[PDB]
Structure formats: structure tokens, C-alpha cells
């Protein structure tokens, strides 16, 4: 019944919030809908895989909050394998490469590719991380989809195709589904195009030894019986002196404050008294999560390494069920595995199939891409379709369709009386990621500490010292990358010389 703060949701954000509050001496309760904590993180354990992350998994440089929290919990990271060559598979052919990005040889195509990424980052610099709706061209950019932006910027199909895959992979949505302003904000607040996408020096550099689910689990261990599992919140009443929070199994909790640490749209599952203010009421119907099946195919050995492939495949084309893979082999070199994402519309399309049918399709794809018959001999398979989850709504995160972020973005983390808002979606750095979950959980907790008069206003948002274990190299450009013209730029230079 009675406590200081009810935290709705026991994912990383809710758990990080509860831990901060608990450490500060408050009585906290975590109400978790599922029979488990972790939410969009889920580490499955069995003898065949030992452990496997079926949800969020990767951490990297500049994600200092999750790294600190995980380290404090006694967790270690290891590096995702990127020793050997990456593969870019396009028009039925594999092109192995080193360095972070697929090489482009055609001079015009090179100009187009260079300009596109540059322009994405250029536009991003005009977008405040904490207020994307304040960008000078916010309305213009919000009123077009990423598809329209690609159509305008990409003068080659090659660039347009790679850019599309980039969007699909980053936010598990189609280019036509998402606002350009939102996507540009999303990339920028993850440190830019290079940082968001890279393995070495980027968001995918590392995984936790033992799985990411240990973050939430070990916090639950610390909190003990303060975490209530199988307590979906159905009702929040703020009409009386103390906030009343009711669960589906007919329990009532009474608190001074509430943190909502659930995906924004899942706020819809709660009936509010009094009703939410108009802007939030409508916002939570406007913010879907993306669509993904995360699939892990196990093999006797990491055979791709013998062919000087690290296991990273960037796979273009409608026929390919999986557009991106990473080596998921354990740091010890055993439980050899390829992790692949079935993205956006393909998650919808292929969900109809059986698990065995999806396995077959993946193996046949990998055999082609790796040029290896061994890919047809899996020893085990695990998958998770996040679209089916009632208490997630999707993965990885919430996307904003055209027009929504400028109209409703302001209210995402605006408190509603005594309800404060956590969740990765409310983060200003690495939103959509485990890192953002930590930032948002701890910020929301500190908003409550400030409301209680326990800390000053300037302590609500707190900077994080850089990890000593995972230092960040800066993202650099060359002179040529900076100043090479776009395709229309080159054409204007031709026009002026001809005239």
C-alpha cells in the first residue's frame, strides 16, 4: 500500500529510477506488468546458448551512464567481433570491406553518398537535443517523411538504398513512416551518423558478459520485495492528497509521487483520474514503436572468421529477410552465432512463417552472403518477435510519424501533477537505447527529489564522467569529406564554367 514513490515499469529506466530514490533513502515500490524485469531487455538462459540477449544488448563509447550503472552492479563488457572483414551485399553480390563503411567507387555515387551522411549530420547540428521542436526549420522537417528527404537528397539509387537500410536498422521503421525532423533528432542525439551505426567506436561496440538483462535483475536483487511482478497498473488517481495507483490484480498503492517508466503509448493502458491534459491524452495515441524480430542462428564454429569475415553483413534488397547481422559468438569463442534483425515491414511479413521456416530462410541467406555451405548447418536457433509484446508495443523504440514531434513533443516529459516521466523515449542522449533509459530514470527520480526539496534545481540534470573502461574516440572528417560537392553542387559548378 504506502510508500514515497511508485515506479510504473521495471525496465532499465524504472529500475535505475527506483535505485536512485532507494539510495537516497526513500521508500519505493516498482510495479511491473510482467513476471520478469528488464522490459525491452531480455536475456534468455539455456544449455544450448548459455545466455543470449533477445532484446537490447549493445553498449558503446559515450554511453557513460549505463556503463557506470552496470559496473556498479558488478557487470563487465566485451567487444563485439569486428576483427575480420565486413560484408556489403548488394544486387545479389557480396563486397567485403575493412574500415567502418562500405567503399563506393563510382565518382558521382561517391559524391552522393558523402553528401548524404554529411547533410544528415549538418541538419542534426541545427536540432537541440533537449528540444528538437526548436530547430529553425522544425515545422518544415517535421512535415516530411524520411522517404521525402531521401528522395530530395539522394541523386543515386545506391545512396538512397543504403540510406533506407540505415533508417530501417536504426529505428525499425520504414522511411515513409517516420518524420524527417524526428529521425534527424534521433541520430544527432546518439552522437551522429558515425556514432549511432558503428561497431568499433560506436553504439554496437560491446555487449555485457552474461547479458544485459542482469542490469534490471541485479537492481531487483537490491530492491528485494519492493519490486512487484505481475502487477500491471490499470488506474492512477491524483484527486486526493496521496496518489493512488491500482494494479490489475486488485492491489492499491499509495504514494507522494509516481514515475511512469513505460513506453509513452503504453500510458494508454492506464485509466487516469482526473483525465490527462489534452496534449498528453492525444500524444500517447500518436507514438508507435517499431517492428523487429531479433534472430540468433547458432553454429558449431564461427566459420566466417576462417574466410576473413567478422560476421557483420549489410544486406540490401527486398528478398533478404535480414538486412543486418553481427557476430554473436561468446568472448571465449564458443556458442558461435550470427545475430540478425528482421526489420520493419519484413517483421510483419515474415511473422506469418513458423520458427523453422524463418530459420531456413536465414540460413539460406547467410550461405549466399558468406559464400558458405556451412551456414546451412545450424546447431540451434533463438528468436523474439517484439511486435507481439503487449507490455512493449514493439522494439527498439518509439518513432514519431510526420507532424507529431513539433505538435506534441513538448509534453513527452512534462510532469502531470505528481506523475513524472522516465523511459528511454524521454532521454536527451541515446534515447531509444539502454543508455537513454538510465538517463531518463535518474533524471525523473531527481525531479521528484527536487519537488521534495531534497536537492536544488540545478541537480535535476546531471553530467556523467566518461567511462575509463570504454573511452570514446572523436568522430573525424577529412578535408575532402567536408568540402567535396554534392551532385547538384557539381552540376552547378559545371553550369558556371560552361557559362
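Numbering follows the first chain given and starts at 1.
As recorded in the PDB entry, 456-464 is the stretch of 59-67 and 456-464 with the greater mean C-alpha temperature factor. The PDB entry reports B-factors from which the mean C-alpha value can be compared for 20-28 and 480-488; the larger average falls on 480-488.
Set against one another, the Cα B-factors of 429, 294, 98, 280 in the record reach their highest point at 98. Taking the deposited Cα B-factors for 398, 214, 193, 156, the highest one is held by 156. Among all modelled residues in its chain, residue 286 ranks in the lowest third by Cα B-factor.
For residue 41, the recorded CA B-factor ranks within the lowest third of the chain. Only modelled residues enter the ranking. The entry lists a Cα temperature factor for residue 299 that places it in the middle third of the chain's modelled residues. Residue 188 sits in the lowest third of its chain by CA B factor, as recorded in the PDB entry. Annotation for residue 343: C-alpha temperature factor in the lowest third relative to the rest of the modelled chain, per the entry.
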